[PDB]
Amino acid sequence: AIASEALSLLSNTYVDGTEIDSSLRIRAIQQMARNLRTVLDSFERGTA
Amino acid sequence: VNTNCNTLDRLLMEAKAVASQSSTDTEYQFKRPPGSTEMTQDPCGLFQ
Amino acid sequence: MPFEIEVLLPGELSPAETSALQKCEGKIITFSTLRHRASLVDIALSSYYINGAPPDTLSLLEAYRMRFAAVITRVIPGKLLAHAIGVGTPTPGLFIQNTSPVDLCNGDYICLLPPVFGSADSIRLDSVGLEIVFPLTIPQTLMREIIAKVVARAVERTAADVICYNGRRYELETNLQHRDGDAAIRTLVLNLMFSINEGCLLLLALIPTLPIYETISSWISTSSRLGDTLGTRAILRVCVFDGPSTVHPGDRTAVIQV
Amino acid sequence: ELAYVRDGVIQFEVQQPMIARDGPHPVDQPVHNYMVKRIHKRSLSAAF
Amino acid sequence: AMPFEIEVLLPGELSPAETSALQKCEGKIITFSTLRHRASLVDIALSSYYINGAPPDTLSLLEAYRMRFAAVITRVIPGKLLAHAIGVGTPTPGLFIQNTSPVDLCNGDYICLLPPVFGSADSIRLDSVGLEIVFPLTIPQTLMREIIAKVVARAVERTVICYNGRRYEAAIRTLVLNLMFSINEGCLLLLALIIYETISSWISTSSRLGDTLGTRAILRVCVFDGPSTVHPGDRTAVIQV
């Protein structure tokens, strides 16, 4: 699960090239993509 | 102690260096003088 | 050159308590023994126990006279530094706080005594669970009266509490007694008979008006120690330079060792 | 971005007034004041 | 660690008769109520002692002097006064004294004050303003007991002193007005015990009236370079506390 007001940006991105691209673009996308990778590893692993 | 419901498996850490319990240089077996610093081992005092 | 003590608090419990006891500056402790180091288990109630039993108000009075006077001013992010006030010779005017509910002016004679009045701030600990006791800091007069009023019930607890000042009438507590409190009445059987002698038989002849010189010299000497041997000794005295003449209970003061 | 946050405390400090003084004595001049405050978040909308 | 100095007020348009007596009184001992860099001369006089029509009793004056601070006076600057305050622990001033006593005094002994009960001629009668200041005596603590005991033994019958080889022989009568009964009460309490609302008198009055006569020593005398023994009216150095 991913909580709302964080998926608020993932539903759609009204940001049209925000001047500060390191503020809420990194510390959110990377933090969640870690688990978006671990869930792939889940099925990659459960076979053995 | 109220931590007896603050944990599930504390057994492990609470038998390492519980302080000394008796006299260490007396001519008999006295009660621990309060200025003792020894944090010794005690298997029995865990399993009773 | 002031002798210094270290009562550093180790890193077991949360800083939520050392931050809370930061507000206890100017409070007075009294260490049982002496050395250049100390800790929490040594200036706590666990250090003041006898026979595993918590001493009562009387048993907490004869013991205080054996410990060494100390005041606190700093609670360092890692440690806590206190000065030896009993014998040490500090040129600063040692800042203390008047927790006891009695108003202060310039020129009191402050003393030390145990848990009194109704409610205090005796704080425990969570992890190691050490209870530290803080002798409430009062002046001398009301103490000279409370000692009388506590012997006044001592002479009942074996043989069978509201005081007035500034319009205030407050009580004093005394739990169940131990039979030892033997200890209490012996202090007067010593303090009374030596204050009367052969030269006091002339004394009962001048009463309808309302060598004896020797009995006047010795009687006053013992009279000074009735409150000293049965009570506490004042250690500091109020001296405020450019502040207010009305120092209330709960506020920091600048007193100096006597 | 007052959107994907939890709480914010903005603290400050000001000097304490003590003019040049007359004959000396120990005073233990203070250290700071260090007050703190909170934030309280709301929002509204309109229907069209 | 720097000393403490007090500055007091003085009148203006004065006479060159009393001012010489002020210039003669250097090294006496006087008590102060509250340590303030701005304290008037009337603040330290009998006028600022508890006047209730009559001067306050020397019993309560002794109680004050035990609760009040003190000040040792040094060279006076004829325009004003300059005196070093004592009782607190002022750091390393050159404390000397003018010994205010008619009895001999040895070196290396202790000093504490007592109500002046002999004469007040050593005061300054400034009748140009109408206000008077009164000054104490000085005595060793090894003798104060006897100094009070002799006068009370004399006064109980109506109603010698020695040191180093010196044979010397209102507020004096009111001291026993709170003293005589505390020993009869002990005579009665010995039988009474072998009630409760009576206990509040004996113990409390004993603790209140024993200490004021059991004061501590706040001054020792010491001369490193000069005279060894002092007679009434000399400039001997001392040590604080």
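Some notes on this structure:
Think of it as A, B, C, D and E in the order they're written, each chain with its own count starting at 1.
Heads up, the rule we're going with is that a residue touches a chain if its C-beta (ideal position, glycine included) is under 8 Å from a C-beta of that chain, and two chains touch if they have at least 3 such contacts.
Listed by chain with UniProt protein names: C, E = Capsid protein.
In terms of the stated touch criterion, the partners common to subunit C (Capsid protein) and subunit D are E, listed by label. Closest chain to the protein centre (all Cα atoms averaged), using per-chain Cα means: C. Note on interfaces A-D and B-C: more C-beta pairs are in contact across A-D. For subunit C (Capsid protein), the chain whose average C-alpha position is most distant is A.
For the pair subunit A and subunit E (Capsid protein), the distance between C-alpha centroids works out to 86 Å. Our note on geometry: subunit B versus subunit C (Capsid protein), Cα centroid distance of 35 Å, whole angstroms. With centres set at the average Cα position, the gap from subunit A to subunit C (Capsid protein) is 65 Å. Between the Cα centres of subunit A and subunit B there is a gap of 49 Å. Of all residues in subunit E (Capsid protein), those touching 2 or more other chains are 35, 37, listed in ascending order. In subunit A, no residue touches two or more other chains. Contact annotation for chain pairs lists A-D, B-C, C-D, C-E, D-E, with touch applied as defined. Contact residues of subunit E (Capsid protein) toward subunit C (Capsid protein) in the complex are 1, 33-37, 67-69, 88-89, 91, 145-146, 148-150, 152-153, 156, 159, 180-181, 183-184, 186-187, 189-190, 193, 195-196, 199-200, 202-204, 206-211, 213-214, 216. Residue ranges on subunit A touching subunit D, taken from their complex, read 5-6, 8-9, 23-24, 28.
Against subunit D, in their complex, subunit E (Capsid protein) makes its touches with residues 2, 4-7, 35, 37-38.
Of all residues in subunit C (Capsid protein), those touching subunit B in their complex are 41-42, 47, 129. Listing the residues of subunit C (Capsid protein) that touch subunit D in their complex gives 92-93, 95, 241-242, 254.
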